[PDB]
Amino acid sequence: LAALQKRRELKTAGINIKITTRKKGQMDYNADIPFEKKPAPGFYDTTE
Amino acid sequence: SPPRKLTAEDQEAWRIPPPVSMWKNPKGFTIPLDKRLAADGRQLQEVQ
Amino acid sequence: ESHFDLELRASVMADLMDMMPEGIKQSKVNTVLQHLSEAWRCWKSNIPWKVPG
Amino acid sequence: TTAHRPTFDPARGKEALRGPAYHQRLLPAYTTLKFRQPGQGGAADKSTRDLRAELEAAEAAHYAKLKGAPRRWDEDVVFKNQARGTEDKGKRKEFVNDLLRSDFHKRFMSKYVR
Amino acid sequence: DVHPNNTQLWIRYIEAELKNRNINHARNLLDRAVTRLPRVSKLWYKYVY
RNA sequence: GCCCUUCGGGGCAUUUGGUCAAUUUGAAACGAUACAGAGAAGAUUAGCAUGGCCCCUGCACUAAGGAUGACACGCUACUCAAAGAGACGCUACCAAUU
RNA sequence: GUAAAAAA
C-alpha cells in the first residue's frame, strides 16, 4: 500500500517508472497465458 | 457399464465417523469430553 | 521408517478406493488414514480400538 | 501446522532427459549374460500331460517315502511327582499366526526381559 | 488435464461458457463431455435441457 | 616451380578458417551497510520424509549435509433440494363529548 | 541475535 501511494504520487507529479518486483526464478503470468491449453475445436464455430 | 443403483441405506452404511484422536490434535481443537471418550472400549470392558 | 509409512498409506488407500461401492461420495478417505494412525497408536499402548459406527 | 504432511499425489515417473553424454552415472558391470547350459534345464519343455505325470510321480514318491512304502529321603517331602506331564511336550510344532503369542516371542521375552 | 473424468469440473466449465453467453463454446464442451463420459446421465440431462 | 616430350604437347600439386586483437548497451557473484529474524496446538526442541517452473555443497544422476535446507500455514456459494404451514399476497380503507 | 533492501 505504501509503495502504491508513492508510485501514484510520482505518476501524478510527472515521472513514470516501471517498479518491477520480478524476482529470479518466477514467471510473468501477466506477460503470457501460462501453459496455455486452448479449447478443442468442435463442430460449432467459435470465431465470433 | 450402467451405474449401480444405490440406496440411502447404502450411503449411510458407508459414511465414515470423524476421527477423534486420543493423542493428536494438529489444529488445537477443543473436543467435548464425551466425543473424546466415545471410541474408548474401556467403558465397555467387563471383568468377571 | 518414513518409507514404510509411505508404502503402508498408499496400500491402505488403494484397498479403500477399490472397496468403496461406485457412487458413494469419496472425499473423506484421508479420514480413514487418520483412523489407521489412531488404531496403530492404540495397538502400541495396548488400548482396545473400537470406533462406534 | 500443515508443513508436516502426508502424500496424496506421489511423484510420477518421467522420460529421461535427452542430451550430450558427459556425466558418468552407471559403471559397467556383469556385462555378459549367463545362459542355461546342457543339464541346467529351462529350455526343456516336455508337454502338459508329461509334466503332469512327472508331478504326480514325484509327489507320490514323496508321500510314499513319508508313509514308509518301499524312612526315605524323598518321602519326607511335601510335593510329589510335580513334573509328570511336562517333558511330554514336543509332539508337533504349531505355527501360530499371531506373533506376540508365538513360542518364538515368548522365548525372546523370557531370554531378554529379566 | 489433471481431472479428465470429473463431472463437477465439466459442469463448471460448461456453465461458465453458458453464463457468459458463449453458446458455441458451451455446445462444443457438451459434445466433448458426453463423449468423455457417456454413462454420466447428468451431462446428458444438462445437454438436453 | 620441377619433370617429361613423339617439340605438337603432356605431367606433379588443389579451396584454410575459431564473429575481428576493441570490457559502457546481450546479461558474473559475494561481502560490507541497512533491516529484520529459526518447525511440531504452554515452554524448550532430536530429527526422517513428502511434491517440484526452489535449489546449494558434494564423485554420489542409487551417500550425506545445507534450520528436520527452504517452500507448506491463503482462500473457501455453484452435480443441490423437497415436504406442509402461514401470507388486509393479487383490493379497498369506513358518520357524537352533553 | 547465530542460522532472509498500579502488561540475544
Side-chain angles (χ1 to χ4, degrees), chain A residues 2-3 6-7 17 19-37, chain B residues 3 6 8 11 19-32 35-36, chain C residues 1-13 22-28 30 33-34 37-38 40-41, chain D residues 1-30, chain E residues 1-20 26 29-30 33-34 36-49:
Chain A
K6 187 61 68 177
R7 177 256 166 197
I17 226 96
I19 309 282
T20 297
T21 48
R22 272 282 279 96
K23 282 191 55 67
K24 296 297 295 296
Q26 286 191 341
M27 298 173 45
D28 206 359
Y29 300 123
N30 285 323
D32 198 359
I33 296 184
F35 317 103
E36 186 171 346
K37 194 77 166 56
Chain B
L6 300 163
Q11 297 284 346
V20 192
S21 183
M22 296 184 284
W23 293 262
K24 302 292 146 142
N25 192 15
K27 291 180 183 294
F29 285 169
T30 289
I31 303 299
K35 301 309 187 294
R36 270 205 187 280
Chain C
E1 273 150 333
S2 69
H3 173 81
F4 183 93
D5 177 65
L6 286 167
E7 293 304 318
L8 163 73
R9 280 178 71 96
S11 303
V12 172
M13 188 59 80
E22 174 204 5
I24 312 284
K25 298 167 169 169
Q26 77 201 315
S27 74
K28 315 266 162 199
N30 313 130
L33 286 181
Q34 309 203 287
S37 305
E38 175 86 336
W40 171 248
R41 287 183 290 267
Chain D
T1 313
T2 187
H4 300 96
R5 53 170 51 167
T7 298
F8 301 135
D9 184 25
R12 191 139 312 151
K14 64 179 73 174
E15 68 275 8
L17 196 144
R18 56 174 201 111
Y22 207 64
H23 176 101
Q24 289 183 239
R25 185 174 101 78
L26 183 67
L27 285 181
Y30 295 84
Chain E
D1 278 329
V2 176
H3 314 268
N5 318 314
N6 192 283
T7 297
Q8 200 201 343
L9 170 61
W10 275 108
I11 280 161
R12 277 283 166 90
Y13 193 9
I14 287 161
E15 271 176 358
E17 306 277 43
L18 291 162
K19 278 166 185 210
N20 299 108
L29 288 184
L30 282 156
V34 299
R36 172 79 43 94
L37 302 154
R39 287 260 153 84
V40 178
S41 72
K42 180 73 191 191
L43 300 162
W44 285 110
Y45 277 129
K46 183 163 202 46
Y47 194 12
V48 294
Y49 174 62

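Only heavy atoms go into these numbers, but all of them, side chains included; no hydrogens, no water, no symmetry mates. Chain letters run A, B, ... following the sequence lines, proteins first and then strands; every chain starts at 1.
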Could you give the CZ-to-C1' distance, from D:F8 to F:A72, as a whole number of Å?
-> 13 Å
Sugar-phosphate, base or nothing in reach of C:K25, heavy atoms under 4.0 Å | nothing
With a non-hydrogen cut-off below 4.0 angstrom, is D:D9 in contact with a base, only sugar-phosphate, or nothing?
-> sugar-phosphate
Please answer whether the main-chain N or O of D:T2 pairs with a side-chain N or O of D:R5 as donor and acceptor at a distance below 3.5 Å.
-> yes
To the nearest Å, give me how far apart CD (E:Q8) and P (F:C78) are.
-> 7 Å
Could you give the distance separating F:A28 and F:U23 at their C1' atoms, to the nearest angstrom?
-> 13 Å
What distance, rounded to whole Å, do you find between the two P atoms, one in F:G47 and one in F:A67?
-> 11 Å
Minimum-distance nucleotide (side-chain atoms of A:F35 versus F:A60, F:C53, F:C73) = F:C53
Does D:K14 have a side-chain nitrogen or oxygen under 4.0 Å from the phosphate oxygens OP1 or OP2 of F:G52?
-> no
Distance, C1' atom - from F:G69 to F:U50, rounded to whole angstrom = 15 Å
Whichever of D:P6 and B:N25 has the more 5' nearest nucleotide on RNA chain F, that residue is B:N25
Rounded to whole Å, the NE2-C1' distance (C:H3 to F:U62) equals 14 Å
Mark yes when both conditions hold for F:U76 and F:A77 (six-membered ring centres under 5.5 angstrom, interplanar angle under 30 degrees), and no otherwise.
-> no
F:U50: north vs south, judged on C1'-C2'-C3'-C4' = north
Rounded P spacing from F:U33 to G:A8 in Å | 23 Å
Strand partner of F:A49, provided both Watson-Crick or wobble distances fall under 3.5 Å | none
Between F:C48 (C1') and C:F4 (CZ): distance, integer Å | 15 Å
Sidechain-backbone polar pair: E:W10 side chain, E:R36 backbone, donor-acceptor under 3.5 Å = no
Taking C1'-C2'-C3'-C4' positive as north and negative as south, where does F:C90 sit?
-> south
Over how many whole Å does the gap from A:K24 atom NZ to F:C56 atom P extend?
-> 12 Å
Where the chi angle of F:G74 falls, syn if within 90° of 0 and anti if not | syn
Testing F:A60, F:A49, F:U79 for proximity to the side chain of C:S2, the answer is F:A49
Which is true for D:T7 with a 4.0 Å heavy-atom rule: it touches a base, it touches only sugar-phosphate, or it touches nothing?
-> sugar-phosphate
Across the strands shown, which category fits D:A3 at heavy-atom distances under 4.0 angstrom: base, sugar-phosphate, nothing?
-> base
Name the nucleic acid region contacted by E:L43, choosing base, sugar-phosphate or nothing; use a 4.0 angstrom heavy-atom cut-off, strictly under.
-> nothing
Sign of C1'-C2'-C3'-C4' (positive north, negative south) puts the sugar of F:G11 north
Any stacking for adjacent F:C54 and F:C55 under the 5.5 Å centre, 30° plane criterion?
-> yes
Sugar of F:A70, sorted north or south by the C1'-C2'-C3'-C4' dihedral sign | north
For F:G39 and F:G58, measure between their P atoms and round to the nearest Å.
-> 29 Å
Syn-anti status, with the boundary at 90° from 0, for the nucleotide F:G52 | anti
Sugar-phosphate only, base, or nothing, as touched by B:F29 at under 4.0 Å among non-hydrogen atoms | nothing
Could you give the distance separating F:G26 and F:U19 at their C1' atoms, to the nearest angstrom?
-> 15 Å
Expect the sugar of F:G89, by the sign of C1'-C2'-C3'-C4' with positive north and negative south, to be south
Can a side chain N or O of E:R12 be found less than 4.0 Å away from OP1 or OP2 on F:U79?
-> yes
Is the number of heavy atoms from other residues, nucleotides or ligands within 6.0 Å of CD (D:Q24) greater than 12?
-> no
For F:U25, glycosidic torsion class - syn if within 90° of 0, otherwise anti = syn
Side chains of E:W44 and E:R39 in contact at under 4.5 Å (non-hydrogen atoms) = no
Identify whether any heavy atom of E:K42 sits under 4.0 Å from a base atom; if not, whether one sits that close to sugar-phosphate; answer base, sugar-phosphate or nothing.
-> base
Would you say a side-chain N or O of D:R5 is under 4.0 Å from OP1 or OP2 of F:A49?
-> no
Separation of F:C78 atom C1' from E:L9 atom CG, nearest Å, is 13 Å
Can you check whether B:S21's main-chain N or O pairs, donor with acceptor, with B:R36's side chain at less than 3.5 Å?
-> yes
With rounding to whole Å, what would you report as the distance between F:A85 and F:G89 at their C1' atoms?
-> 15 Å
I would like to know whether A:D28 and A:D32 meet side chain to side chain contact (heavy atoms under 4.5 Å, CB included); could you show each step before the answer?
-> CA-CA 7 Å; A:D28 206 359; A:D32 198 359; over 6 Å; no
Side-chain-base donor-acceptor pair under 3.5 Å for D:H4 and F:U68 | yes
Could you tell me the separation between the CD atom of E:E15 and the P atom of F:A77, rounded to a whole number of Å?
-> 15 Å
For A:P34, which contact category applies under a 4.0 Å heavy-atom criterion: base, sugar-phosphate, or nothing?
-> nothing
Side chains of E:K46 and E:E15: does their closest heavy-atom pair fall under 4.5 Å?
-> yes
From OH of D:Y22 across to P of F:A60 the rounded distance in Å is 13 Å
Is the closest basic N to carboxylate O distance between C:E38 and B:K24 below 4.0 Å?
-> no
Please test E:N5 against E:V40 for side chain to side chain contact (heavy atoms under 4.5 Å, CB included), starting from the C-alpha separation and ending with a verdict.
-> CA-CA 10 Å; E:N5 318 314; E:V40 178; over 6 Å; no
If each of E:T7 and A:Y29 is mapped to the nucleotide of RNA chain F with the nearest heavy atom, which maps nearer the 5' terminus, i.e. the 5' end?
-> A:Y29
Between F:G52 and F:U57, how far apart are the P atoms? Round to whole Å, please.
-> 22 Å
Under a 3.5 Å limit on both distances, the Watson-Crick or wobble mate of F:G1 is F:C12
